[PDB]
Amino acid sequence: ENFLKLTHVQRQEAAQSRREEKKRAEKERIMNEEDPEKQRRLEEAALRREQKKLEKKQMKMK
Amino acid sequence: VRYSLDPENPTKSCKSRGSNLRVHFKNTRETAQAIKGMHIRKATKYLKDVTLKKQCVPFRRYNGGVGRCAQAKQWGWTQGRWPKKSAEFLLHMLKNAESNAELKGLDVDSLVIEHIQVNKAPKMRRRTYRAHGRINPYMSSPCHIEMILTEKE
RNA sequence: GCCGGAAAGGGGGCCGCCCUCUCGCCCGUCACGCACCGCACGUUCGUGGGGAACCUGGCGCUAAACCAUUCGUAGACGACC
RNA sequence: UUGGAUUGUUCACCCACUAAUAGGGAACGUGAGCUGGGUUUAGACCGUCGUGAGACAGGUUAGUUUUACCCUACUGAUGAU
RNA sequence: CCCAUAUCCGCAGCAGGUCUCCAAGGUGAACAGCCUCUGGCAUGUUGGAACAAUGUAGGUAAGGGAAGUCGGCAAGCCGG
RNA sequence: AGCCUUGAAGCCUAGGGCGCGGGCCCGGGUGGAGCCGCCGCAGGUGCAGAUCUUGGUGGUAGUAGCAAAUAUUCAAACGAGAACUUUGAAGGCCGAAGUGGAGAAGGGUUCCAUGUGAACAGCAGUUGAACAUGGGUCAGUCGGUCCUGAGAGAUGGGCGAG
RNA sequence: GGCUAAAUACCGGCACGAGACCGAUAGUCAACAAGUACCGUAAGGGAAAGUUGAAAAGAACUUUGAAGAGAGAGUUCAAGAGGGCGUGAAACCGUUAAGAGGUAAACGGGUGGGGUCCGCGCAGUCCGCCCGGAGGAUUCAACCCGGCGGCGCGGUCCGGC
Ligand SMILES: [Mg+2]
Ligand SMILES: [Mg+2]
Ligand SMILES: [Mg+2]
Ligand SMILES: [Mg+2]
Ligand SMILES: [Mg+2]
Ligand SMILES: [Mg+2]
Ligand SMILES: [Mg+2]
Ligand SMILES: [Mg+2]
Ligand SMILES: [Mg+2]
Ligand SMILES: [Mg+2]
Ligand SMILES: [Mg+2]
Ligand SMILES: [Mg+2]
Ligand SMILES: [Mg+2]
Ligand SMILES: [Mg+2]
Ligand SMILES: [Mg+2]
Ligand SMILES: [Mg+2]
Ligand SMILES: [Mg+2]
Ligand SMILES: [Mg+2]
Ligand SMILES: [Mg+2]
Ligand SMILES: [Mg+2]
Ligand SMILES: [Mg+2]
Ligand SMILES: [Mg+2]
Ligand SMILES: [Mg+2]
Ligand SMILES: [Mg+2]
Ligand SMILES: [Mg+2]
Ligand SMILES: [Mg+2]
Ligand SMILES: [Mg+2]
Ligand SMILES: [Mg+2]
Ligand SMILES: [Mg+2]
Ligand SMILES: [Mg+2]
Ligand SMILES: [Mg+2]
Ligand SMILES: [Mg+2]
Ligand SMILES: [Mg+2]
Ligand SMILES: [Mg+2]
Ligand SMILES: [Mg+2]
Ligand SMILES: [Mg+2]
Ligand SMILES: [Mg+2]
Ligand SMILES: [Mg+2]
Ligand SMILES: [Mg+2]
Ligand SMILES: [Mg+2]
């Protein structure tokens, strides 16, 4: 357990990197979506998802 | 938190937990004993088949009135059911344990669900209405859950 | 190798040979072996029954049951065809 | 070892058929099996008794018949060794 | 605002109870029953699959016609 | 010149024992601040029951059940999520003594809008008469107000311990 | 016909002090937003409910999931104290370990089998005397000095009380 605590920073950094890669791939797929109506629906859902995350964060902070 | 069984090796073992999960405790104890030793791909596949009624859940300890099905002759039992709310609660929890073994860098395709127990949570209380002006309890039986997976190659 | 055994079937008799000793049994000669110093479950059936996993080879073996589906000679559900 | 008329009847009695229309038991078998005609609450009528309230194995009429999902037994249905 | 099979009283979003106003077309004697228009609703605290028994509520039964039962109870006949 | 933050009470204990027993002493754990031995004193002083009292929890049991009043179906939208929300198209019911449109008594914010999905709405809900925010009831002519009805009720008087 | 302080009474009121009292099912019904919530048309009836920690230092931040919920991280002596949070028993339940299983279970007497720990088992007691065997003291008896104490029919010593 002590070793895992020592290694704790590395695991968080790796987890953050894998989320950055997943987010980058999601943006690339949205960019690559040929149909403008599909692209808009995906973009609106992504933005609303972010907004829900922001509201949830603000509620937890409150 | 303080679990019941501690893993034999904390690095290659992931944990999960659930408190006041509005499921049925008897159903969750049975679909947890069905999962108790499986491999995590076997489990997610089984628990999806339970929701699609391609495999069942043998009801062994709480089997009053629990009718007989044909898909229980694989467990050498006669009675069984297809708990959907209870195959989806300890599937969102098997997903949580997956996303907790990736936070530890384990091999998700090598995880065996090693320890899994279901406890009994505080009952929530409602009331029904019966004949001759009598009111009765209509209490809910929630459960606590907690699993521990482990890399076992 | 041939024989005979079925009630819940005999590792028995016999044919041979190319093997090998005159020891095996009785009565004696001849000396020896831990003679562990008075002392308990010793001495067999026992290459026991079950269970694991190991080495070492020889010959060989590559299936079904259940579920899902289907049927209706069947059926509360299972079961059954 | 029966079908019916009368009676709440048990009993009894008669008609008809029949081989014969024997007797009985099982908490006077059997009300979470039924019915509720009788008996046996509260309403009322008549008779006899009592000054009276009331009484009458004396008649009359109307009168709520609850629950099994438990264990066993039994009947079927899975399965177990 | 509700004024009632969810805003009231019955412990409740309870088949109960609770005072009135207005009042279309057809059939028909008719404010009866049945279909419809205006207006309203989504089957009355849930759905899916089966189609066993025993129930609950409706039906129909050859021949006989109360032999059933304490008793024609129930059902049936009749019906304008 | 008792024990105690170098760990008191309490509780748990396949640990060691004592006593015929009531009971007791040690060890380990948990805990975190008070406690006991003796000689006397005092008492609201020892529980298995009382159809005991209060609280908690089981088997029954994932069982009974979620069956009065004919009935739902398709596509789309919102959404993490749709048998149940919303729109549209079908099919149906109520069938002017209505499941319509308005009022009295009663309720008291149930009204309207936006949001929420914890609890509740005996399944679910993206919905609600739920929850949280805010709004909303405008009178010389509509009623009350006024008048008497059945009746209630002062003064005078009478009665009365009051 | 009339008046009249003091000694005397006081489970209401204001303000006080105390206790061989109870210690949150006790003590007032009420330690707490208690004659409150609630019930009844009314007269009336009438509860349950105290405890995180020394200090909120009340868990930033990362992560899965829509969320509740978790997994990490951090605070603290301690979250094995995490907003109904001191300690956290019993019934009841879950899981892990060990054994067992057709006369319901349980039980008393007797053993045997297995476990769990303990003995901190695994070469087994010490003690007095004496004999011998090797060593080491500043050491015994007896005398002298000083102190202390006991006893003395010091037959009947001096002086006290
Ligand atoms: Mg059982
Ligand atoms: Mg049963
Ligand atoms: Mg049943
Ligand atoms: Mg009811
Ligand atoms: Mg009632
Ligand atoms: Mg009898
Ligand atoms: Mg009987
Ligand atoms: Mg009866
Ligand atoms: Mg009668
Ligand atoms: Mg009478
Ligand atoms: Mg219907
Ligand atoms: Mg309704
Ligand atoms: Mg419906
Ligand atoms: Mg006929
Ligand atoms: Mg005919
Ligand atoms: Mg007759
Ligand atoms: Mg007859
Ligand atoms: Mg009739
Ligand atoms: Mg014990
Ligand atoms: Mg006392
Ligand atoms: Mg007791
Ligand atoms: Mg059922
Ligand atoms: Mg209306
Ligand atoms: Mg209206
Ligand atoms: Mg509204
Ligand atoms: Mg619900
Ligand atoms: Mg004007
Ligand atoms: Mg007066
Ligand atoms: Mg005087
Ligand atoms: Mg004093
Ligand atoms: Mg208290
Ligand atoms: Mg207490
Ligand atoms: Mg009290
Ligand atoms: Mg208490
Ligand atoms: Mg407490
Ligand atoms: Mg502590
Ligand atoms: Mg603590
Ligand atoms: Mg403290
Ligand atoms: Mg605690
Ligand atoms: Mg076992």
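Just so it is clear, none of the values below were taken in a lab; they were calculated from the coordinates. Virtual Cβ from ideal backbone geometry, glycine too; neighbours counted across all protein chains shown.
Of all residues in the range B:58-80 being among the charged types (D, E, K, R) and more than 10 Å from RNA strand C (Cβ to nearest atom), which is surrounded by the fewest Cβ atoms within 10 Å (Cβ to Cβ)? So that I can check it myself, show each step before the final result.
Just the residues of the range B:58-80 that are among the charged types (D, E, K, R), to begin with: B:60-61, B:68, B:73.
Among the residues that remain, those that are also more than 10 Å from RNA strand C (Cβ to nearest atom) are: B:60-61.
Details: B:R60: 17, B:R61: 8.
Residue satisfying both the conditions and the ranking: B:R61.
Just to be sure before I move on: is B:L90 buried (at least 20 other Cβ atoms within 10 Å of the Cβ), more than 14 Å from chain A (Cβ to nearest Cβ) and within 15 Å of the chain's Cα centre (by Cα) in the structure I sent? Don't jump to the end; show me each part of the working.
Details: buried (at least 20 other Cβ atoms within 10 Å of the Cβ): yes; more than 14 Å from chain A (Cβ to nearest Cβ): yes; within 15 Å of the chain's Cα centre (by Cα): yes.
Yes, satisfied.
Just checking, does the range B:52-74 include any residue being away from chain A (no Cβ under 14 Å), more than 29 Å from B:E153 (Cβ to Cβ), in contact with a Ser or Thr (Cβ under 8 Å, 6 or more places away or on another chain) and not hydrophobic (A, V, I, L, M, F, W, C)? Quick ask: steps written out before the conclusion?
In the first step, residues of the range B:52-74 are kept if they are away from chain A (no Cβ under 14 Å); the result is B:52-74.
Then drop every residue that is not more than 29 Å from B:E153 (Cβ to Cβ), which leaves B:52-53, B:56, B:59-73.
From the residues that got through so far, the ones that are in contact with a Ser or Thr (Cβ under 8 Å, 6 or more places away or on another chain) too are B:68, B:72.
From what is left, the residues that are not hydrophobic (A, V, I, L, M, F, W, C) are B:68.
Yes, the conditions are met somewhere in the range B:52-74.
Of everything in the range B:120-138 that's away from ligand 4 (no atom under 16 Å from the Cβ) and free of Cβ contacts under 8 Å to residues at least 60 places away in the same chain, which residue is nearest to B:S16 (Cα to Cα)?
Taking the range B:120-138 as the starting set, the residues that turn out to be away from ligand 4 (no atom under 16 Å from the Cβ) are B:120-125.
Restricting the remaining residues to those that are free of Cβ contacts under 8 Å to residues at least 60 places away in the same chain gives B:123, B:125.
On the way: B:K123: 22, B:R125: 27 Å.
Step by step, filter the range B:120-138, then rank; the result is B:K123.
Note down all Cβ pairs under 7 Å where the first residue falls in the range B:31-53 and is closer than 14 Å to B:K95 by Cα, the second is β-branched (V, I, T) and part of a helix (DSSP H, G or I), and they're at least six residues apart or on different chains.
B:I40/B:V108
Residues that are more than 14 Å from every other protein chain (Cβ to nearest Cβ), of a type in the set (S, T, Y) and surrounded by 10 or more Cβ atoms within 10 Å (Cβ to Cβ): find the helices (runs of 4 or more DSSP H) completely inside chain A holding 2 or more of those.
Working: elements: A:2-6, A:8-31, A:36-61.
Output list is empty.
If you take just the helices (runs of 4 or more DSSP H) that sit entirely in the range B:1-112, which of them hold at least 2 residues that are within 16 Å of ligand 4 (Cβ to nearest atom)? It would help to see each step written out before you state the result.
Values: elements: B:25-33, B:40-52, B:85-101.
Ranges flagged: none.
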